[PDB]
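Before any questions on binding or motion, here is one chain by itself as structure tokens, the form deposited in one PDB entry.
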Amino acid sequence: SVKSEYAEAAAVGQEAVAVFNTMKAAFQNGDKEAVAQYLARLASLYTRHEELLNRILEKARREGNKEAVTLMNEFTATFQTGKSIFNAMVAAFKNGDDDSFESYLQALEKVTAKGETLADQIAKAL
């Protein structure tokens, strides 16, 4: 069902949360080789999560589930804010800018944390 597809998307989101926090620790410890590999893993995970979310929104649309479509539209916009900050973080890392990297890292945390309020409401609506 769309509901079980959302639970799979939720798990993939949780995987990125896990990899993010082991990356933040690696960044703080100065282990740039690790950070590079975690950033590649996160990019893949975010690409997969976006693809599961789009397929869930398209299916809720075909199903006429208006409340779910509203919530998923609001979520996909916030998800894009996260994506943009993530990509900026990656570029900060490429450029050797630890100041901006720290900034984007803290911002992505606040975007992702705020997002979970909606993420939890979508589960209950599908």
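The numbering used is simple: start at 1 and walk along the sequence shown.
Undergrad: Going by the average Cα B-factor in the PDB entry, point out whether 9-17 or 109-117 comes out higher.
TA: Stretch with the higher mean C-alpha B-factor: 109-117.
Undergrad: For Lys32, return the chain-relative third of its C-alpha B-factor as stated in the PDB record: lowest, middle or highest.
TA: Highest third of the chain for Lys32's C-alpha B-factor.
Undergrad: If you rank every modelled residue in this chain by C-alpha B factor, which third holds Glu51: lowest, middle or highest?
TA: As the PDB entry reports it, the C-alpha B-factor of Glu51 lands in the middle third of its chain.
Undergrad: Classify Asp99 as lowest, middle or highest third according to the C-alpha B-factor given in the PDB entry, relative to its own chain.
TA: As the PDB entry reports it, the C-alpha B-factor of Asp99 lands in the highest third of its chain.
Another form exists, solved in complex with a small molecule; not displayed. Remarks below refer to it.
Undergrad: Is the gap between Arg41 and the small molecule in the deposited bound form 4.5 Å or less for some heavy atom pair?
TA: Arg41: contacts the small molecule in the deposited bound form.
Undergrad: In the deposited bound form, does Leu45 come within 4.5 Å of the small molecule, counting heavy atoms only?
TA: Answer yes; at least one heavy atom of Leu45 falls within 4.5 Å of the small molecule in the deposited bound form.
Undergrad: Is every one of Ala26, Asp31 and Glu33 in contact with the small molecule in the deposited bound form, taking contact as a heavy atom within 4.5 Å?
TA: The answer is no: none of the three residues contacts the partner (heavy atom, 4.5 Å cut-off).
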